[PDB]
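Build me a model from this:
(one chain, ligands or ions: 2)
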Amino acid sequence: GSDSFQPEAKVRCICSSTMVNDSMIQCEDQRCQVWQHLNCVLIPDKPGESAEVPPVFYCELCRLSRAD
Ligand SMILES: [Zn+2]
Ligand SMILES: [Zn+2]
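Numbers count the residues shown, from 1 in each chain. Ligands and ions are numbered 1, 2, ... in the order given. For reference, the structure is listed below:
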């Protein structure tokens, strides 16, 4: 919203919404600590199917820095 960005709990999703979506998830990087909407970062093999929810989730920052 304005100053609701905690150093350990910071919701940064592509939707720019720090609300309580279907399911939230925190980055697996202690140097990031960024929460994101699982549904937003979920890529199901099909539309309306079982999305792929991996054990370790890395935001865009970590994703690029990792080049995975
Ligand atoms: Zn989102
Ligand atoms: Zn991250």
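
does ligand 1 sit close to the host helix or strand of residue 64?
Element membership of residue 64, judged by DSSP states H and E, is helix 60-66. No. Against ligand 1, helix 60-66 shows no contacts by C-beta under 5 Å from the ion, the least distance being 12.3 Å. For the C-beta atoms, the positions are set from N, CA and C on the backbone; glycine is no exception.

So which residues on this protein come close to ligand 2?
27, 29, 32, 59, 61-62.

Is there a quick ChimeraX command that grabs whichever of the residues you listed are buried?
The following ChimeraX line selects those of these that are buried, judged by 16 or more other C-beta atoms under 10 Å:
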select :27,29,32,59,62
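
Out of the residues of the chain next to ligand 2, which comes closest to residue 15?
Each of the residues of the chain next to ligand 2 was checked against residue 15 using C-beta to C-beta; the closest is residue 59, at 13.3 Å.

Find the centremost residue of the chain, please.
residue 36 (2.6 Å; C-alpha atoms, centre = their mean).

Surely that one and residue 27 touch.
Yes. With contact taken as C-beta atoms under 8 Å, residue 36 and residue 27 are classed as touching, separated by 7.3 Å.

what is in contact with the two at once?
Residues touching both residue 36 and residue 27 by C-beta atoms under 8 Å, 6 or more residues apart in numbering: 57, 59.

quick one: the strands in this structure?
10-11, 24-26, 34-37 (DSSP state E).

and the last one with ligand 1, contact?
Yes. Taking C-beta under 5 Å from the ion as the criterion, strand 34-37 and ligand 1 are in contact, through residue 37.

export that strand as PDB, just CAs?
Extracted in PDB, the C-alpha atoms of strand 34-37 (Å, rounded to 0.1, in the frame of the first residue of the first chain):
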ATOM      1  CA  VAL A  34       9.600 -11.700  -0.900                       C
ATOM      2  CA  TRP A  35       6.100 -13.200  -0.900                       C
ATOM      3  CA  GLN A  36       4.200 -13.900  -4.100                       C
ATOM      4  CA  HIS A  37       0.900 -15.400  -5.200                       C
END
